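Student: Can you look at this? It's an experimental structure, sequence on top.
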Amino acid sequence: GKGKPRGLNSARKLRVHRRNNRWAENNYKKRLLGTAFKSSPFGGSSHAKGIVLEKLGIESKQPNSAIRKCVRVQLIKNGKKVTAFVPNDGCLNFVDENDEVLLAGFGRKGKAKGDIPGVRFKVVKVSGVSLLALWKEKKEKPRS
Amino acid sequence: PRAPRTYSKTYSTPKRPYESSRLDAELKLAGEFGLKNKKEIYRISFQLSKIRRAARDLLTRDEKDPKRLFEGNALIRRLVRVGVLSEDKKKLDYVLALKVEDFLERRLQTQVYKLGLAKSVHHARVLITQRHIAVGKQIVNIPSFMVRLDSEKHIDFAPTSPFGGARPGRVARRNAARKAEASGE
Amino acid sequence: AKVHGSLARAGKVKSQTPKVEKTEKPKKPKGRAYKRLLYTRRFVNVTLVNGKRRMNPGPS
Amino acid sequence: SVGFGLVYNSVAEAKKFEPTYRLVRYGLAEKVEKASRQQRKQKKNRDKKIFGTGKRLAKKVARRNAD
RNA sequence: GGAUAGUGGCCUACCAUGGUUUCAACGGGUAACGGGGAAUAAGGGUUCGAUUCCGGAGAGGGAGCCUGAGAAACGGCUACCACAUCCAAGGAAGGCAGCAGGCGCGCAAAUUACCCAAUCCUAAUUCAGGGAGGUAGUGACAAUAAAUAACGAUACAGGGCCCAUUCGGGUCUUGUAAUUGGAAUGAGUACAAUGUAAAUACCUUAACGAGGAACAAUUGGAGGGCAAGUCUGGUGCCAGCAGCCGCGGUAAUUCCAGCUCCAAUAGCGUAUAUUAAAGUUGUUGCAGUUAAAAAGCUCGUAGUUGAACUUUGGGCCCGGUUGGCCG
RNA sequence: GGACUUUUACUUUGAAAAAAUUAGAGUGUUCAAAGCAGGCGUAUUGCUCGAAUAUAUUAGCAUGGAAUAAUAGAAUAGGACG
Ligand SMILES: [Mg+2]
Ligand SMILES: [Mg+2]
Ligand SMILES: [Mg+2]
Ligand SMILES: [Mg+2]
Ligand SMILES: [Mg+2]
Ligand SMILES: [Mg+2]
Ligand SMILES: [Mg+2]
Ligand SMILES: [Mg+2]
Ligand SMILES: [Mg+2]
Ligand SMILES: [Mg+2]
Ligand SMILES: [Mg+2]
Ligand SMILES: [Mg+2]
Ligand SMILES: [Mg+2]
Ligand SMILES: [Mg+2]
Ligand SMILES: [Mg+2]
Ligand SMILES: [Mg+2]
Ligand SMILES: [Mg+2]
Ligand SMILES: [Mg+2]
Ligand SMILES: [Mg+2]
Ligand SMILES: [Mg+2]
Ligand SMILES: [Mg+2]
Ligand SMILES: [Mg+2]
Ligand SMILES: [Mg+2]
Ligand SMILES: [Mg+2]
Ligand SMILES: [Mg+2]
Ligand SMILES: [Mg+2]
Ligand SMILES: [Mg+2]
């Protein structure tokens, strides 16, 4: 009958064994150990706000050739420095150094997006008025 | 610290996203019954789904099981009373069957058409929603009221409104103001 | 790898594409009447049947 | 239209069986309208910090006007 | 014995040497209050519950206690620690995890308003009090219903069809319209009464209120998965797209746009989580010769497991529920 | 009332079983989410149906079952009966 015990009393061996082999289950592990809070730039939260340091242009990966415009951001609640990407054509023009931006993840549970090595987070809101609105031309950038 | 005014939603939502066959079918149903939302189809599909489920459940029971009998014939008489279930086929076995169009064909904006008063399911929509027609003198403005069977005999126009006599309205009588101010003094 | 590449070219293509403004058009119905125009257009009066049925062809 | 109604055996039997806001609404008893809730509350809370009739302290704080 | 309201290592004297433990003690973690419950629909499961109900614990931290039937209470007191206010420098005072409301913190959360009219509570008590609770404001938290148009005439085009020797446009309308037609209605506006403690809105309802300058629908997408272009203009491995496979180095089905089109629709997108997909946690139900995976070997303790056999058979009675063919 | 009784597992049926939630009956909140209402006449003096049913699994309890699984007995007879 290969493996598992089948008796009517073997309940313990079975549930215990389940715990054990649950530990190889990635998602379970991470949820249990709490990598969520220990590791990870964000607290576990959806997003987090930080401040703009350097404006970096990362050369993309292969087989691709370009210059992915990015921003060095130091999380406010955290102090953790982390480099994010400024999406859409232009937009890097919108941000500037020493600014206060809202950062979101890149939908992969961590893991950098595409041809952009390292960058695990994108930008959403500079000076509190949303990238998109500006990049179109709805809102306009706050005073200072 | 009070009591929780309870609620629940009324529409399920199709598990596959972009299937041309289903989408076209849906579309045709909308364009034929004068619907604006695919949600109007979804809502019905969900009602149908919960009923059909209750049916399967009561069938797995034993024939002439107390619960099966009571609840079964309760659902059944419920279904016939609004002209969905066929009085011919009338022992849940056919509510297992059934379909959407049965429910669709029984809505107020449908009945308002299937007996004159429309010449257009859209004319039905507009009129109904425009405070015309009623059951008794009880005006109804819900394109999906679902006409109860022995009340089909009460879908006339309103004691208010034109078409049922009360006053031409405000646009017409504004034209009467135009006439009484133009062609004379 | 390289992180400090140029940045000058930021926002190049958008900023250099000729802004051609929209063209004033018939207000399409908003709601059920739209689903109706869709119904008649898709099915009732029908369009081409050149082999099958095309939903958005240019110089076809 | 649908509502509710009652009729009292005498005219005295309504003016003592009815909410006097209804008596107000009808035309029987005028509303002795007063200081706001917060106002009245505030007045009682001021009045709490005084033990006795008062005149004693008004005059002892009137003796205070001297030195 | 003592103490308690009272049992009790609750405490104290003397005496003994016991008590839990792989059937997992003790210890550690908990981004841990427990439960009713919640989310996910083949079933079994997985996940979650600070939060309207119940039970518990605290009132910045600790302890201590008065009063009392009941408190180790904090909108009670006392002391200490941490905060922190007032001063005339002698001194005196505070405890919003009550309602608002303010700073802070942040991804993340509303008015320093009205009332006892209701639901209920307390007192000496029909009345007084009640930020309990109710009203309104704030409020795309989630949820229900569902406007943004309905119908004619008409300019050719047609497919129907009787006829076709050959004019064809005739009355059954599919409708594309770059002329027109009178109709209807709440969105808003606003007497009136209704509503209400008072007001507000809602349901009602006078006088107003639709013709494209609206009273004017959005949010994404159109190479694939995946529903909708191989149209035109821009760019030229740049700028950018792209969850994934992949696009861009001059005719780009993907980028910047215009046109057209698709899907969903007062809502649509994104990020984080979680459930389904998942028979990739496998009791149901996984896999392990070569893809991940049988300990080099045998002993063997806990654990799971363990052949067959001991009143089987025959006979009689009673009384219930459906169903047959009669009614 | 007196006198003694091998211990179990399983299963059956019932009792004890807060409300809201849930499943589900009834009533046309104009429909729906909901609510637990309402319905009728002589509508100038009043008649009336309601406000169900289900679940509530482990344990404690109470009852029927005696298959399937264990347990106990009489060999140094210190057996069984009266
Ligand atoms: Mg490992
Ligand atoms: Mg690759
Ligand atoms: Mg910190
Ligand atoms: Mg009217
Ligand atoms: Mg905790
Ligand atoms: Mg928990
Ligand atoms: Mg809880
Ligand atoms: Mg917490
Ligand atoms: Mg205390
Ligand atoms: Mg306080
Ligand atoms: Mg208190
Ligand atoms: Mg002094
Ligand atoms: Mg507060
Ligand atoms: Mg919010
Ligand atoms: Mg009072
Ligand atoms: Mg509001
Ligand atoms: Mg509009
Ligand atoms: Mg668009
Ligand atoms: Mg396609
Ligand atoms: Mg092109
Ligand atoms: Mg394009
Ligand atoms: Mg596998
Ligand atoms: Mg191998
Ligand atoms: Mg081996
Ligand atoms: Mg070993
Ligand atoms: Mg055996
Ligand atoms: Mg026998």
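Tutor: All right, it came through fine. Numbers count the residues shown, from 1 in each chain, chains lettered A, B, ... in the order given. Ligands and ions are numbered 1, 2, ... in the order given.

Student: contacts and neighbour counts: CA atoms only from here.
Tutor: OK.

Student: tell me the phi and psi of the residue nearest the centre of chain A?
Tutor: The centre of chain A sits closest to residue A:105, judged by Cα atoms, centre = their mean, with a distance of 3.3 Å. Note on residue A:105: its backbone torsions stand at phi -80, psi 170 [degrees, to the nearest 10].

Student: who touches the residue nearest to it when sequence neighbours are not counted in this structure?
Tutor: Spatial nearest neighbour of residue A:105, excluding adjacent residues (Cα to Cα, 6 or more residues apart in numbering or on different chains): residue A:121 at 4.4 Å. Residues near residue A:121 by Cα atoms under 8 Å, 6 or more residues apart in numbering or on different chains: A:83, A:84, A:85, A:103, A:104, A:105, A:106, A:112.

Student: again, only this time at 10 Å
Tutor: Contacts for residue A:121 (Cα atoms under 10 Å, 6 or more residues apart in numbering or on different chains) come out as A:41-42, A:47, A:70, A:82-86, A:103-107, A:110-113.

Student: separation between it and RNA strand E?
Tutor: According to Cα to the nearest atom of the strand, to the nearest Å, residue A:121 stands 8 Å off from RNA strand E.

Student: related to what we said a few turns ago, can you select the buried ones from the contacts of residue A:121 in ChimeraX?
Tutor: Buried residues within the contacts of residue A:121, by 16 or more other Cα atoms under 10 Å in any protein chain shown, are selected in ChimeraX with:
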select /A:41,42,47,70,82,83,84,85,86,103,104,105,106,112,113
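
Student: Contacts only, for residue 65.
Tutor: Just so you know, I chose chain A. By Cα under 10 Å, 6+ apart, the neighbours of residue A:65 are A:59, A:115.

Student: Let me rephrase: I mean chain B.
Tutor: Counting by Cα under 10 Å, 6+ apart, residue B:65 touches B:58, B:59, B:71, B:72.

Student: Right, and chain C sits closest to which residue of chain A?
Tutor: The shortest separation between chain A and chain C is 3.5 Å, found at residue A:90 (distances taken as Cα to the nearest Cα).

Student: In space, what's closest to that residue - neighbours in sequence excluded?
Tutor: Looking at residue A:90 with Cα to Cα, 6+ apart, the closest residue is residue C:11, at 3.5 Å.

Student: In chain A, where's the longest helix?
Tutor: helix A:11-22 (DSSP state H).

Student: Would you indicate which residues of that one are buried?
Tutor: Result for helix A:11-22 [16+ other Cα under 10 Å]: no buried residues.

Student: Could you confirm whether that helix reaches RNA strand E?
Tutor: Yes: applying Cα under 7 Å from any atom of the strand, one finds helix A:11-22 in contact with RNA strand E at A:13, A:14, A:18, A:19, A:20, A:21, A:22.

Student: got the residues you listed as a markdown table, with distance to residue B:14 columns?
Tutor: Output for these, formatted as a markdown table (distance: Cα to Cα, whole Å):
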| residue | distance to residue B:14 |
| --- | --- |
| A:13 | 42 |
| A:14 | 38 |
| A:18 | 35 |
| A:19 | 36 |
| A:20 | 38 |
| A:21 | 36 |
| A:22 | 33 |
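
Student: Run through the residues you listed and flag the ones next to RNA strand F.
Tutor: Of those, not one also sits near RNA strand F (Cα under 7 Å from any atom of the strand).

Student: Of these, which is the nearest to residue A:127?
Tutor: residue A:22 (44.4 Å; Cα to Cα).

Student: Apart from its chain neighbours, what residue comes closest to that closest one?
Tutor: Using Cα to Cα, 6+ apart and skipping the chain neighbours, the partner closest in space to residue A:22 is residue A:28 (6.9 Å).

Student: Got the phi and psi for the one you found?
Tutor: phi -70, psi -50.
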